[PDB]
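Notes follow the structure.
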RNA sequence: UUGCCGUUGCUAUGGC
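Structure below.
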């Protein structure tokens with residue numbers, strides 16, 4: 725399983 | 393209605409009376 | 004904002020790395036430069052930026068991904 | 012596509028006139044393309060009809076064909092028989108062209124308005140912006156036709172001319 | 057002194073508490125992580141004492157309460173910090189309600205013996221209408237049209253609301269101050285239900301534009317938009333994982349959305365009276402699915418407009434179990450009113466026997482996460498508590514609570530006390546009209562208020 | 005025998021409301037009695053839906069006289085309250101009518117229900 | 001415990 729992220 | 397009654401007419405008139413007071 | 008999602012994570016010990024497919028969701032924007040992808044994948048996977056490689060990125064028709 | 016046996020029949024020419032006008036087709040080439048597909052499908056249904064009833068080939072291929080024809084939306088659910096496939100006409104396919112649904116659903120007030128809107132990248136089927144007016148919509152896809160999110164009519168900022176005129180009004 | 061030492065201190069103190077409480117230690121630690129494993133682990137339905145429940149109805153000023161959301165702090169084993177936003181809010185339970193009067197109101201429900209106590213509120217009005225008339229400029233701080241949903245962040249820092257203004261406004265928990273307004277950017281992007289991913293900042297918004305939106309509150313940004321429903325998406329539920337479930341109302345498809353996979357599972361009831369009567373040899398064709406709640410990661414339940422409550426399993430597309438006319442049939446219309454003919458028998462024929470009789474619909478349906486019990490709601494005047502079988506292949510009626518009178522727009526449950534001895538408080542928003550619209554004939558006895566009942570476990 | 009007649013069963017009501025609820029989305033639906041009275045005289049109506057539980061039912065029994073004089077199919081259904089939900093309006097609807105348009109995207113759906121309706125009558 | 005109006009207690013539920 726992968727990872728999740730977000731910016732700006 | 394083969395033999396209509398006045399029960400609805402009474403309340404319908406009452407609804408008009410409520411509107412009359414409101415305006 | 005812009006999201007990035009990793010899928011199909013395969014561990015590779017004898018070349019000592021991790022493979023995966025990167026999906027970058029960038030609404031209201033053209034795309035993400037490879038350097039920004041590298042630095043934040045370093046942040047998330049928690050490796051130094053130099054150890055991170057990213058390539059073969061194609062945007063879908065209509066944009067946003 | 013393939014050319015017709017006799018393109019110069021007056022009845023024919025009036026046929027393409029009516030079809031193009033009522034569906035806003037660019038030229039006769041689209042009509043012959045659709046006619047070619049209809050000829051192929053009807054020939055296949057014809058050949059299946061020739062086969063004996065309960066023939067495994069007839070059953071299997073006919074069933075698959077009718078199910079596909081239902082899915083594209085040309086053939087109604089209650090008409091799931093190869094005879095009704097044989098009864099199809101080009102108008103049913105042409106209705107299934109995306110222009111017609113953009114017009115008929117109310118997003119556009121004319122077939123030409125639908126054409127320009129579609130080619131202008133204002134129309135989205137689900138996640139995908141479709142600029143191909145000849146796109147064939149299925150039953151499920153029919154209900155998802157909306158304005159694309161990036162469109163000014165679909166939730167985005169005003170177009171270039173709108174903001175330009177607003178600016179010129181500003182100063 | 058180092059942060060790791062602090063964790064060592066907190067862990068050491070935590071163990072001392074467990075030793076003071078006490115095999116038992118090992119079992120509890122497993123129960124602490126049972127949430128991560130997607131299976132029910134709270135079998136307490138038989139322990140519940142519905143009969144002795146202390147029921148209470150609290151009136152409020154708002155007309156037509158639309159939704160209620162409850163926040164419960166939870167101790168995080170993984171850092172030993174309570175989900176309370178601040179030290180003052182340690183072990184304080186908050187409930188937030190929205191109504192059609194454009195108010196957001198918060199109440200304190202920490203004292204279960206006592207009634208909810210109002211703390212702060214915010215009203216919207218005509219002051220907040222957008223002048224621009226453009227969807228992307230629809231960023232006014234306050235609501236100007238009916239508010240339909242409210243959801244509290246699991247962190248206890250923010251509460252988010254939406255409604256007929258086509259807005260997602262996120263409010264500060266302490267002061268109810270507006271920090272961000274996120275337009276849906278659609279003409280018919282009407283928010284109908286909001287669900288927070290448990291112990292996460294992810295928010296899922298079901299909109300009447302036939303789409304579902306996903307949000308990250310910590311970032312104040314939109315993530316993805318989900319499509320596949322063929323009608324309005326009235327309800328949405330979420331659990332610790334990301335696979336939120338939704339219902340399509342007239343579409344009649346309970347829909348589970350795999351966010352990680354970008355794949356989607358379809359569920360349809362597909363029951364028809366004719367066979368059902370034949371196998372019997395009043396059953397109403399299903400109308401629409403207007404509520405859904407996830408009992409488990411692998412199971413979920415729905416409520417419909419034929420009074421049918423259906424149990425679902427991810428493996429099976431069809432319902433595994435169903436209860437017909439759960440809340441009963443509506444009262445038959447009076448004969449003196451059906452027709453104006455004086456002759457009584459003529460009026461009776463207009464009733465057409467029992468053909469006109471229709472069932473109650475499931476206005477509210479909430480299941481406590483990872484438990485074997487759930488609560489259903491309607492305007493019948495009583496909250497029904499059900500218990501799921503241990504095999505999760507059937508459920509029965511645990512009992513009823515008749516305190517509530519009026520339409521149950523939303524149901525919430527909060528628990529308190531030690532692990533072994535837990536007393537459950539059920540909170541349900543009660544209104545005089547249905548949340549989506551005013552279709553309901555005015556039911557006698559309805560009062561717009563918040564219903565509260567206390568249930569304890571013994572034996 | 006009953007004044008509200010014929011009344012659709014649980015099944016036939018089902019496809020009707022599906023036509024009604026979508027037809028509202030397409031601006032093809034006129035909702036309520038006076039609009040029902042409106043469309044019949046102008047002859048732009050396919051068929052008319054009536055609630056059988058209407059208070060009083062006689063408030064709408066004039067419509068069938070208009071409907072069958074113009075040879076327009078009509079029908080009764082159990083619950084007004086459901087029709088408004090289909091119709092999309094936040095209040096009960098006792099009568100509804102589908103307007104005439106051969107260019108509508110739903111000509112087959114409307115005609116499908118229309119055929120069943122004629123058989124019912 | 002309620003926007004307003006009552007009843008019932010020393011608390012619970014009836015109308016708009």
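Residue numbers (the authors' numbering), protein chains in the order written: chain NV, 725 to 732; chain SA, 393 to 415; chain LF, 4 to 68; chain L9, 12 to 182; chain SG, 57 to 78, 115 to 373, 395 to 572; chain SF, 5 to 125. Backbone N, C-alpha and C fix where the C-beta goes; we use that ideal spot for every residue, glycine too.
Residue i, buried or exposed, once every other Cβ within 10 Å from all chains shown has been counted against 16
i                      : result
residue 508 (chain SG) : buried
residue 178 (chain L9) : exposed
residue 308 (chain SG) : buried
residue 60 (chain SG)  : exposed
residue 108 (chain LF) : For residue 108 (chain LF) there is no data in the structure shown, the boundaries of chain LF being 4 and 68.
residue 335 (chain SG) : buried
residue 267 (chain SG) : exposed
residue 110 (chain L9) : buried
residue 125 (chain SG) : exposed
residue 18 (chain LF)  : exposed
residue 18 (chain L9)  : exposed
Min CB distance residue i to chain LF below 7 Å
i                      : result
residue 140 (chain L9) : yes
Chain SA contact for residue i (CB, 7 Å cutoff)
i                      : result
residue 457 (chain SG) : no
Short CB-CB distance (under 7 Å) between residue i and chain SG
i                      : result
residue 6 (chain LF)   : yes
residue 402 (chain SA) : no
residue 84 (chain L9)  : no
residue 1 (chain SF)   : With chain SF running from 5 to 125 in the structure shown, residue 1 (chain SF) is simply not present.
residue 395 (chain SA) : yes
residue 35 (chain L9)  : no
CB contact check: residue i to chain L9, cutoff 7 Å
i                     : result
residue 65 (chain LF) : yes
Pick from the options that is closest to residue i, judged by C-alpha positions
i                      : options                                                           : result
residue 89 (chain SF)  : 121 (chain SF), 73 (chain SF), 29 (chain SF) and 77 (chain SF)    : 29 (chain SF)
residue 215 (chain SG) : 196 (chain SG), 427 (chain SG) and 468 (chain SG)                 : 196 (chain SG)
residue 524 (chain SG) : 517 (chain SG), 542 (chain SG) and 516 (chain SG)                 : 542 (chain SG)
residue 167 (chain SG) : 549 (chain SG), 529 (chain SG) and 559 (chain SG)                 : 529 (chain SG)
residue 120 (chain SF) : 39 (chain SF), 41 (chain SF) and 50 (chain SF)                    : 50 (chain SF)
residue 152 (chain SG) : 571 (chain SG), 572 (chain SG), 570 (chain SG) and 564 (chain SG) : 564 (chain SG)
residue 302 (chain SG) : 318 (chain SG), 294 (chain SG), 288 (chain SG) and 290 (chain SG) : 318 (chain SG)
residue 381 (chain SG) : 188 (chain SG), 206 (chain SG), 192 (chain SG) and 134 (chain SG) : In the model shown, chain SG runs from 373 to 395 with nothing in between, leaving residue 381 (chain SG) without coordinates.
residue 559 (chain SG) : 545 (chain SG), 567 (chain SG) and 321 (chain SG)                 : 545 (chain SG)
residue 38 (chain LF)  : 53 (chain LF), 12 (chain LF), 29 (chain LF) and 67 (chain LF)     : 53 (chain LF)
residue 104 (chain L9) : 48 (chain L9), 136 (chain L9) and 68 (chain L9)                   : 48 (chain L9)
Proximity below 7 Å, CB of residue i to CB of residue j
i                      : j                      : result
residue 23 (chain SF)  : residue 117 (chain SF) : yes
residue 222 (chain SG) : residue 233 (chain SG) : no
residue 463 (chain SG) : residue 61 (chain SF)  : yes
residue 7 (chain SF)   : residue 101 (chain SF) : no
residue 438 (chain SG) : residue 420 (chain SG) : yes
residue 298 (chain SG) : residue 406 (chain SG) : no
residue 500 (chain SG) : residue 514 (chain SG) : no
residue 440 (chain SG) : residue 505 (chain SG) : no
residue 227 (chain SG) : residue 275 (chain SG) : yes
residue 27 (chain LF)  : residue 7 (chain LF)   : yes
residue 416 (chain SG) : residue 408 (chain SG) : no
residue 277 (chain SG) : residue 332 (chain SG) : no
residue 446 (chain SG) : residue 397 (chain SG) : no
Proximity test, Cβ basis, 7 Å: residue i and chain NV
i                     : result
residue 20 (chain LF) : no
residue 70 (chain LF) : An answer regarding residue 70 (chain LF) cannot be provided, because it is not within the stretch 4 to 68 covered by chain LF.
Interface flag, residue i vs chain SF, CB-CB below 7 Å
i                      : result
residue 550 (chain SG) : yes
residue 537 (chain SG) : no
### Query
Of all the residues that make up the region 298-319 of chain SG, which are near chain NV by a beta-carbon distance shorter than 9 Å?
Hits within the stretch, in order: 308, 310, 311, 313 and 315.
### Query
Can you list, in chain order, the residues of the region 100-124 of chain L9 whose Cβ is nearer than 7 Å to any Cβ on chain SF?
Within the region 100-124 of chain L9, contact with chain SF at the beta-carbon level (separation under 7 Å) is assigned to 112, 115, 116 and 117.
#### Entry: Near-chain SF residues of the region 58-90 of chain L9 - C-beta to any C-beta below 7 Å
Residues 87.
### Task
Note down, in chain order, all residues in the region 25-55 of chain LF with a beta-carbon under 8 Å from any beta-carbon belonging to chain SG.
Under the 8 Å Cβ criterion, the region 25-55 of chain LF contributes 28 and 30.
### Cβ-based contacts, 9 Å cut-off: residues of the region 147-159 of chain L9 near chain SG
For the region 147-159 of chain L9, which is checked against every Cβ of chain SG, the residues closer than 9 Å are 151, 154, 155, 157 and 158.
### Residues of the region 324-344 of chain SG whose Cβ lies closer than 8 Å to any Cβ of chain SF, in chain order
Against chain SF - using a Cβ distance shorter than 8 Å - the residues of the region 324-344 of chain SG are 342.
### Query
Which residues, in order along the region 94-124 of chain SF, keep a beta-carbon less than 7 Å from a beta-carbon of chain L9?
Under the 7 Å Cβ criterion, the region 94-124 of chain SF contributes 107, 108, 109 and 112.
#### Entry: Residues within the region 133-146 of chain SG neighbouring chain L9, beta-carbon criterion of under 7 Å
Going along the region 133-146 of chain SG in chain order, one finds no residue with a Cβ nearer than 7 Å to chain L9.
### Message
Counting only Cβ-Cβ distances shorter than 7 Å, please list the residues of the region 61-93 of chain SF near chain SG, keeping chain order.
### Response
Along the region 61-93 of chain SF, going in chain order, the ones with a CB nearer than 7 Å to a CB of chain SG are 61, 62, 82, 83, 85, 86, 88 and 89.
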